[PDB]
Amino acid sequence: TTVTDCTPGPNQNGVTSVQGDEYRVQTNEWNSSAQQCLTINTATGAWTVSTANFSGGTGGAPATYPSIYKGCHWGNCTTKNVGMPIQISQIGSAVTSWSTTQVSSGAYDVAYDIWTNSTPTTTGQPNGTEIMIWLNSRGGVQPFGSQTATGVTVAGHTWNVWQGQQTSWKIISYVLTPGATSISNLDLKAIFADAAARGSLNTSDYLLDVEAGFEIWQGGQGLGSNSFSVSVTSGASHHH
(Lines of atoms letter the chains of each structure in order from A and count residues from 1; the text may use other names and numbers.)
(Lines give C-alpha, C1' and ligand atoms only; values in the text may rest on other atoms or scores of the structure.)
Protein backbone atom coordinates (compact mmCIF):
# COMPACT_ATOMS: atom_id res chain seq x y z
CA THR A 1 0.00 0.00 0.00
CA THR A 2 0.79 3.75 0.00
CA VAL A 3 1.73 5.43 3.29
CA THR A 4 2.27 9.14 4.04
CA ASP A 5 4.86 10.22 6.65
CA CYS A 6 5.19 13.91 7.72
CA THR A 7 7.39 13.20 10.91
CA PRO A 8 8.74 16.66 11.85
CA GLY A 9 12.43 17.16 12.47
CA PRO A 10 14.85 18.09 13.75
CA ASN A 11 14.94 15.29 16.38
CA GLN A 12 12.52 12.65 15.02
CA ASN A 13 13.05 10.39 11.97
CA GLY A 14 10.04 8.56 10.39
CA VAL A 15 11.22 5.26 8.80
CA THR A 16 9.08 3.04 6.55
CA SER A 17 10.02 -0.54 5.53
CA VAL A 18 9.51 -1.23 1.74
CA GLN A 19 9.96 -4.32 -0.51
CA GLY A 20 9.98 -6.81 2.38
CA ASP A 21 12.48 -4.64 4.35
CA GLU A 22 15.18 -4.82 1.67
CA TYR A 23 14.99 -0.96 1.73
CA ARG A 24 13.83 1.69 4.20
CA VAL A 25 12.53 5.20 3.35
CA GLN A 26 13.32 7.89 5.97
CA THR A 27 11.91 11.46 6.39
CA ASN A 28 15.31 12.38 8.01
CA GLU A 29 14.39 16.08 8.42
CA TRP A 30 17.56 16.49 10.44
CA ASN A 31 17.87 20.32 10.36
CA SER A 32 14.29 21.71 10.20
CA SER A 33 10.75 21.53 11.67
CA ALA A 34 9.17 22.93 8.45
CA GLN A 35 6.42 20.81 6.88
CA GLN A 36 7.78 17.86 4.86
CA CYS A 37 5.60 14.92 3.78
CA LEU A 38 6.68 11.80 1.88
CA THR A 39 4.24 9.51 0.10
CA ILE A 40 5.72 6.00 -0.14
CA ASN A 41 4.71 2.90 -2.09
CA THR A 42 5.74 -0.02 0.21
CA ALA A 43 5.42 -2.61 -2.64
CA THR A 44 7.73 -0.80 -5.15
CA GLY A 45 9.76 1.52 -2.84
CA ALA A 46 8.76 4.51 -5.07
CA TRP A 47 8.34 7.69 -2.99
CA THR A 48 7.67 11.41 -3.43
CA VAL A 49 8.15 14.62 -1.42
CA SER A 50 4.38 15.28 -1.66
CA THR A 51 4.48 18.47 0.51
CA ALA A 52 7.52 20.75 1.13
CA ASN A 53 8.43 24.40 0.63
CA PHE A 54 11.73 24.95 2.45
CA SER A 55 12.95 28.54 2.96
CA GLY A 56 16.54 29.67 3.66
CA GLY A 57 19.90 30.36 2.06
CA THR A 58 21.75 27.98 -0.29
CA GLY A 59 24.98 27.96 1.79
CA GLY A 60 25.77 25.69 4.73
CA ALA A 61 23.65 22.74 5.88
CA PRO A 62 20.46 21.75 4.05
CA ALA A 63 17.14 21.54 5.97
CA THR A 64 16.57 17.85 5.34
CA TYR A 65 17.68 14.63 3.53
CA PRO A 66 14.62 12.40 2.87
CA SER A 67 16.12 9.21 1.40
CA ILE A 68 15.86 5.49 0.71
CA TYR A 69 18.61 3.15 1.83
CA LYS A 70 19.99 -0.37 2.12
CA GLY A 71 22.04 -1.12 5.25
CA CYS A 72 22.29 0.78 8.59
CA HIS A 73 21.60 4.51 9.26
CA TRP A 74 22.41 5.50 12.86
CA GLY A 75 21.59 1.92 14.01
CA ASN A 76 18.29 1.69 12.02
CA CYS A 77 19.04 -1.23 9.70
CA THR A 78 17.33 -2.99 6.77
CA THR A 79 16.95 -6.79 7.21
CA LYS A 80 16.55 -8.50 3.78
CA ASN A 81 19.40 -9.32 1.35
CA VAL A 82 21.66 -6.59 2.84
CA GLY A 83 25.30 -7.51 1.97
CA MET A 84 26.56 -4.90 4.51
CA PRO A 85 28.43 -4.38 6.77
CA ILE A 86 31.42 -5.47 4.65
CA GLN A 87 35.08 -4.40 4.60
CA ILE A 88 35.57 -2.26 1.43
CA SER A 89 38.68 -4.32 0.45
CA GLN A 90 36.56 -7.57 0.58
CA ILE A 91 33.77 -6.44 -1.82
CA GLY A 92 33.38 -8.65 -4.97
CA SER A 93 30.88 -6.35 -6.67
CA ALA A 94 28.80 -3.35 -5.65
CA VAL A 95 26.27 -1.93 -8.12
CA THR A 96 23.37 0.52 -7.83
CA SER A 97 20.67 2.06 -10.04
CA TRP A 98 18.46 5.09 -9.26
CA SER A 99 15.68 6.74 -11.31
CA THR A 100 14.44 10.11 -9.97
CA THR A 101 11.73 12.75 -10.48
CA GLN A 102 12.98 16.35 -10.39
CA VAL A 103 11.41 19.84 -10.48
CA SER A 104 12.93 22.98 -12.09
CA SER A 105 12.51 25.14 -8.95
CA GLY A 106 14.20 25.55 -5.55
CA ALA A 107 17.68 24.60 -4.32
CA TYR A 108 18.59 20.95 -3.76
CA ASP A 109 20.87 18.09 -4.70
CA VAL A 110 19.94 14.63 -5.98
CA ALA A 111 22.48 12.45 -4.27
CA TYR A 112 23.65 9.15 -2.95
CA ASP A 113 25.07 9.27 0.61
CA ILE A 114 27.30 6.22 1.37
CA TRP A 115 28.82 5.72 4.84
CA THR A 116 31.97 3.86 5.98
CA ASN A 117 33.17 3.26 9.54
CA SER A 118 36.25 1.74 11.32
CA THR A 119 34.04 -0.98 12.95
CA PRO A 120 31.16 -2.91 11.38
CA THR A 121 28.43 -1.32 13.60
CA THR A 122 27.74 2.11 15.16
CA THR A 123 24.67 3.65 16.84
CA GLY A 124 25.59 7.12 15.52
CA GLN A 125 27.86 9.24 13.30
CA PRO A 126 30.11 7.06 11.11
CA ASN A 127 33.81 7.83 11.49
CA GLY A 128 35.33 6.83 8.09
CA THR A 129 34.19 8.39 4.84
CA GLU A 130 30.96 9.88 3.52
CA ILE A 131 30.82 9.27 -0.29
CA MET A 132 28.22 11.47 -2.00
CA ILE A 133 27.24 10.90 -5.65
CA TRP A 134 25.39 13.96 -7.06
CA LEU A 135 23.25 12.92 -10.10
CA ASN A 136 22.09 16.56 -10.29
CA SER A 137 21.65 19.79 -8.32
CA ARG A 138 20.19 23.26 -8.82
CA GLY A 139 19.60 26.65 -7.26
CA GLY A 140 23.25 27.51 -6.47
CA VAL A 141 24.14 24.76 -3.95
CA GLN A 142 27.60 23.13 -4.02
CA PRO A 143 29.27 20.21 -2.28
CA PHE A 144 31.16 20.31 1.02
CA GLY A 145 34.87 21.19 0.89
CA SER A 146 36.83 22.13 -2.23
CA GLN A 147 36.73 21.02 -5.88
CA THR A 148 39.98 19.01 -6.38
CA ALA A 149 39.36 17.51 -9.87
CA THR A 150 37.38 18.55 -12.99
CA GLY A 151 35.97 16.31 -15.73
CA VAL A 152 37.51 13.00 -14.56
CA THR A 153 36.27 9.61 -15.86
CA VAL A 154 35.26 7.16 -13.08
CA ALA A 155 33.04 4.03 -13.40
CA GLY A 156 32.05 4.95 -17.03
CA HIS A 157 30.86 8.58 -16.29
CA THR A 158 32.36 12.12 -16.11
CA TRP A 159 32.53 13.90 -12.71
CA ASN A 160 33.84 16.88 -10.82
CA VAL A 161 35.33 15.71 -7.50
CA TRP A 162 34.93 17.69 -4.20
CA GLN A 163 36.84 16.63 -1.05
CA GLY A 164 36.40 17.97 2.50
CA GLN A 165 36.97 17.21 6.18
CA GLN A 166 34.12 16.88 8.65
CA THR A 167 34.45 16.81 12.48
CA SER A 168 35.05 13.01 12.68
CA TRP A 169 34.94 11.78 9.04
CA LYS A 170 36.15 12.62 5.52
CA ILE A 171 33.77 13.54 2.70
CA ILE A 172 34.17 13.07 -1.04
CA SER A 173 31.41 14.15 -3.46
CA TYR A 174 31.30 12.95 -7.12
CA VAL A 175 29.28 15.52 -9.14
CA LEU A 176 27.96 14.00 -12.38
CA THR A 177 28.77 16.48 -15.19
CA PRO A 178 26.48 17.12 -16.86
CA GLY A 179 23.74 16.28 -14.34
CA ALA A 180 20.97 13.77 -15.09
CA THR A 181 17.76 12.37 -13.58
CA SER A 182 18.85 8.69 -13.44
CA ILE A 183 21.86 6.38 -13.42
CA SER A 184 21.94 2.64 -14.34
CA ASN A 185 24.34 -0.12 -13.03
CA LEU A 186 26.74 2.39 -11.39
CA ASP A 187 29.89 0.45 -10.31
CA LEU A 188 30.40 1.54 -6.68
CA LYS A 189 33.46 -0.75 -6.40
CA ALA A 190 35.07 1.54 -9.10
CA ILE A 191 33.95 4.65 -7.11
CA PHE A 192 35.52 3.18 -3.89
CA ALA A 193 38.82 2.38 -5.72
CA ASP A 194 38.93 5.97 -7.06
CA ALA A 195 38.04 7.52 -3.63
CA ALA A 196 40.89 5.39 -2.07
CA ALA A 197 43.36 6.49 -4.82
CA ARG A 198 42.39 10.13 -4.03
CA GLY A 199 43.17 9.59 -0.29
CA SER A 200 39.52 10.03 0.89
CA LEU A 201 38.78 6.36 1.80
CA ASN A 202 40.56 3.70 3.95
CA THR A 203 39.63 0.39 2.26
CA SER A 204 39.92 -1.40 5.70
CA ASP A 205 36.66 0.49 6.71
CA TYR A 206 33.27 -1.24 6.74
CA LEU A 207 30.63 -0.09 4.23
CA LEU A 208 27.54 0.54 6.47
CA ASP A 209 24.90 1.66 3.95
CA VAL A 210 23.98 3.06 0.55
CA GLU A 211 21.37 5.89 0.74
CA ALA A 212 19.83 8.06 -2.01
CA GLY A 213 17.62 11.13 -1.76
CA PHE A 214 17.50 14.94 -1.83
CA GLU A 215 19.34 17.44 0.36
CA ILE A 216 16.89 20.39 0.18
CA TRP A 217 17.69 24.07 0.99
CA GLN A 218 14.68 25.73 -0.85
CA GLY A 219 11.39 24.25 -2.13
CA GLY A 220 11.43 20.47 -2.50
CA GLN A 221 7.82 19.66 -3.47
CA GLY A 222 7.53 17.02 -6.23
CA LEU A 223 11.04 15.52 -5.90
CA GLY A 224 10.89 11.73 -5.89
CA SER A 225 12.38 8.29 -6.36
CA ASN A 226 10.88 6.08 -9.13
CA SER A 227 13.10 2.99 -8.59
CA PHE A 228 16.18 2.23 -6.50
CA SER A 229 18.38 -0.87 -6.21
CA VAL A 230 21.67 -1.75 -4.46
CA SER A 231 23.54 -5.06 -4.74
CA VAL A 232 26.75 -5.61 -2.68
CA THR A 233 28.41 -9.09 -2.92
CA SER A 234 30.81 -11.71 -2.66
CA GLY A 235 31.48 -14.67 -0.29
CA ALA A 236 31.12 -17.89 -2.45
CA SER A 237 28.47 -19.93 -4.46
CA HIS A 238 26.74 -22.76 -2.46
CA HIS A 239 23.23 -24.07 -3.31
CA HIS A 240 22.47 -26.24 -0.19
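Quick note: we count residues from 1 along the sequence shown, nothing fancier.
Participant: Going by the mean C-alpha B-factor recorded in the entry, which is higher: 172-180 or 199-207?
Facilitator: Higher of the two, by average CA B-factor, is 199-207.
Participant: Output the stretch having the higher mean C-alpha B factor in the entry; the candidates are 108-116 and 143-151.
Facilitator: So the stretch with the higher mean C-alpha B-factor is 143-151.
Participant: For the C-alpha B-factor as written in the entry, point me to the maximum among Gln165, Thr100, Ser97, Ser89.
Facilitator: It is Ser89.
Participant: Could you check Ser93, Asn136, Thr78, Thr129 and tell me which one carries the biggest Cα B-factor in the deposited entry?
Facilitator: Answer, based on the entry's C-alpha B-factors: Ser93.
Participant: Quick check on the deposited entry: does the C-alpha B-factor of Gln35 sit in the lowest, middle or highest third of its chain?
Facilitator: CA B-factor rank for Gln35: middle third.
Participant: In terms of the CA temperature factor given in the entry, to which third of its chain does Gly56 belong: lowest, middle or highest?
Facilitator: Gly56: CA B-factor falls in the highest third of its chain.
Participant: Pull the Cα B-factor of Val25 out of the PDB entry and bin it into the chain's lowest, middle or highest third.
Facilitator: According to the entry, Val25 has a C-alpha B-factor in the chain's lowest third.
Participant: Sorting by Cα B-factor within the chain, modelled residues only, which third would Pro10 end up in: lowest, middle or highest?
Facilitator: Answer is highest: the recorded C-alpha B-factor places it there.
Participant: Ranked by Cα temperature factor within the chain, is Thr44 in the lowest third, the middle third or the highest third?
Facilitator: Top third by C-alpha B-factor.
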